[PDB]
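The structure appears right after this line, and notes come after that.
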Amino acid sequence: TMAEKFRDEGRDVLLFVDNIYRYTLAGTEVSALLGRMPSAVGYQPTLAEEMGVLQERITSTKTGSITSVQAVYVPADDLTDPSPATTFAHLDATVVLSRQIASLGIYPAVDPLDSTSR
Amino acid sequence: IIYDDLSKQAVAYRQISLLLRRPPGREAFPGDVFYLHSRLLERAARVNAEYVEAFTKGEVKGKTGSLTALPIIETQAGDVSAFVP
Amino acid sequence: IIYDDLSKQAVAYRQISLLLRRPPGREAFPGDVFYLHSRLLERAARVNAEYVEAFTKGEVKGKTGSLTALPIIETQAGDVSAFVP
Amino acid sequence: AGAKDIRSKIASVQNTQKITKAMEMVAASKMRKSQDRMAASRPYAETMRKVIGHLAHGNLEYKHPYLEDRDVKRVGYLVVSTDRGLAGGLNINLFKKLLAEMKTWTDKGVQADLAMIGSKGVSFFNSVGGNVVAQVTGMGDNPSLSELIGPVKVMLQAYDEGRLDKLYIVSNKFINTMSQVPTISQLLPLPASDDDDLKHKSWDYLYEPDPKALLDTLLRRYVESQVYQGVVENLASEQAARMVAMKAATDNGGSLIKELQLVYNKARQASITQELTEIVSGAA
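Going down the list, the protein sequences come from chains E, B, C and G. When you line the first sequence up against the entry's author numbering, it's residues 225 to 342, in that order. When you line the second sequence up against the entry's author numbering, it's residues 258 to 342, in that order. When you line the third sequence up against the entry's author numbering, it's residues 258 to 342, in that order. When you line the fourth sequence up against the entry's author numbering, it's residues 1 to 284, in that order.
Following this line, the structure appears as structure tokens:
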């Protein structure tokens, strides 16, 4: 919502979310506290909507725009797990950082072979 | 007619069904997740001319109507063996 | 004695338990299913001659009775880590 | 199935991948050493072939049985084979080339005799009923000329005795680290191979004792040395083939891990869902 206020002024804003996965987990913990039936892999039933209501507010507009850079953590290295599978549906680009490219003494350590953009 | 994701319909129906406390089946999906898509896609049909006459009160003769459907499904890791696919 | 498919006695008992609304355990089997088979199989025994003489009131002497059981079980996909196996 | 089986299988396949990568490394070093030993043989054979050029072809020549192109009634083969498996198709391609040509020969009614180097060919031709007259085995990665003296002696003794009319060696040729080829090449009667000593008209040796006695042993040693060269090139070709085969097998394992981990993740998720649904719908 602070970024939406800057967007109304007609700026091109940039919004960082430092772990979208933890946003998903906080939704799971709250859903269990309310007591709603578990879904999928133990996530909340509302998972695909709790993610959509956030990810859909950060768009361009006639007046201005918000871009977003979101750090992602994938459980068990499983790109099929419901949380990554729900997140990637919204991602446009994807930059992968590498330990190797760094150890070679190159910065930024972006892996040019795994990075992609639609 | 193109249904741009039946996967996302099935997920929304799963949400509605779990909020109504209904016992889920495989992959947390409700028991009637097959009837959900069945009673939808079974409408894409071609109908013979007698049915068209009977329906439209004789206003049309000899023409056979049709509805063609191209549902889209998204599958994880190219797994054609999942539940909803 | 050859109980063919104790793995279907267990299923019938599961149905009876769930219709009586008893709290379900793992794989929805009721908890006492171990007691269910335990009491059944423990009856297969060899009894010494003195128990026979006591039971038959002296009519049979010096012979030991015996009941041998060969229950049969069915495992899905070789999996021997299920509840009933 | 179930997570705890598939993770065990993934572990074992990763271990297999360690094994095959180590074998690729080892074979890749042994190829370099075996090709050094390959290149440590050329001088002897080349100088002896120049000497035979001068002595036998010459401006005058010495009747020797090994030089003359007599009629063919039966043919000998010296067959080189690996002592170790995992070499790829190297042996079977070689044996099929040999069998095709030996068929073509026996279609003219000639018999054939085999002398086997290496145990793999020994087993193969014991199975296919070939006529193995002599063999040497277990040289491994340490071929030596002294061990080869036996079978080549047999084949020479049978050639001069008229029991054989032509003699071949059949072996792989190392060309590139990525390409080797099976070949059958004649070695008796001695090929005509240029080496024109016309230029060397200027001089002639003092033969001691005499040219015919010397020429006989020169040809015997030369045939032995060409058999040894063939054995060493075959060894280097085996090491190159094992290296490329273990490479392929390591990449095959690396793909099978990708398949198994997708199966494993699916089982992980299904077990979590069926556990949690059993617990929650078992309240109330």
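Built from N, CA and C at the ideal position, the CB exists for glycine as well.
In terms of Cβ geometry, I52(G) and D195(G) form a close pair [threshold 9 Å]. Around the beta-carbon of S81(G), 16 or more other beta-carbon atoms lie within 10 Å, marking it buried. Each residue's CA atom was taken as its position, placing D141(G) and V232(G) some 9 Å apart.
Here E331(C) really is in contact with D262(C); their C-beta atoms are around 6 Å apart, less than 8 Å.
Against chain E, the CB of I272(G) has a partner CB under 9 Å away; the residue lies at that interface. Residue burial annotation: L167(G) is buried, with at least 16 other C-beta atoms found within 10 angstroms of its C-beta. Annotation for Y205(G): no beta strand (DSSP E) segment contains it, and DSSP assigns it neither H nor E. Judged by their CB atoms, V293(E) and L238(E) are nearer to each other than the 9 Å cut-off. The beta carbon of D336(B) falls within 9 Å of a beta carbon belonging to chain G, placing the residue at that interface. According to DSSP, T183(G) shares a beta bridge with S171(G). For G266(E), the C-beta contacts it makes with chain G under 8 Å involve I272, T273 and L276, in order along the chain.
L198(G) and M48(G) have their alpha carbons spaced roughly 17 Å apart.
For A192(G), there is no enclosing alpha helix (DSSP H), since its DSSP letter is neither H nor E.
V298(E) sits close to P308(E), with the two beta carbons spaced by under 9 Å. Identification of chain E residues near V280(G) by a Cβ-Cβ cut-off of 8 Å yields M261 and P262, ordered along the chain.
Non-local beta-carbon contacts of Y331(E) in its own chain, meaning distances under 6 Å to residues more than five positions away in sequence, are absent. Look at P43(G) here: in three-state DSSP terms it is helix.
Using a Cβ-Cβ cut-off of 9 Å, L293(B) is close to nothing in chain E; its nearest Cβ partner there is about 16 Å away. If you look at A301(B), you'll find it isn't in any beta strand (DSSP E); DSSP assigns it neither H nor E. For a Cβ distance threshold of 8 Å, residue set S263, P269, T270, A272 and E273 of chain E lies close to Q272(B), ordered along the chain.
Straight-line spacing of the CA atoms in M246(G) and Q333(C) works out to 38 Å.
Contact between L67(G) and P189(G) holds: CB atoms are separated by about 6 Å, below the 8 Å threshold.
For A1(G), a Cβ of chain C is located within less than 9 Å of the residue's own Cβ. Between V152(G) and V223(G) the beta-carbon gap is near 6 Å, inside 8 Å, which marks them as a contact. Annotation: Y205(G) to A192(G) spans about 22 Å, alpha carbon to alpha carbon. A distance below 9 Å separates the beta carbons of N126(G) and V132(G). Beyond the five residues adjoining it in sequence on each side, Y62(G) comes within less than 8 Å, by CB distance, of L55, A56, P211, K212 and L215 in the same chain, given in chain order.
Judged by DSSP secondary structure, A295(E) falls outside any beta strand (DSSP E); it is assigned neither H nor E.
With the criterion set as a beta carbon lying under 8 Å from some beta carbon of chain B, the members of the region 288-322 of chain E are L303, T304 and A309, in sequence order. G130(G) counts as buried, since no fewer than 16 other beta carbons sit within 10 angstroms of its beta carbon.
Burial state of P262(E) is buried, judged by a 10 Å Cβ sphere holding 16 or more other Cβ atoms. Interface flag for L256(G) against chain B is unset, since no Cβ pair is found closer than 9 Å.
Boundaries for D232(E): no beta strand (DSSP E) harbours it, while the alpha helix (DSSP H) harbouring it runs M226 to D232, taken from the DSSP string. Contact annotation, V319(E) with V334(E): C-beta distance approximately 5 Å; criterion of less than 8 Å satisfied.
In this structure, the CA atom of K103(G) is about 43 Å from the CA atom of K18(G). In the DSSP assignment, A267(C) falls outside any beta strand (DSSP E) and lies within the alpha helix (DSSP H) extending over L263 to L276.
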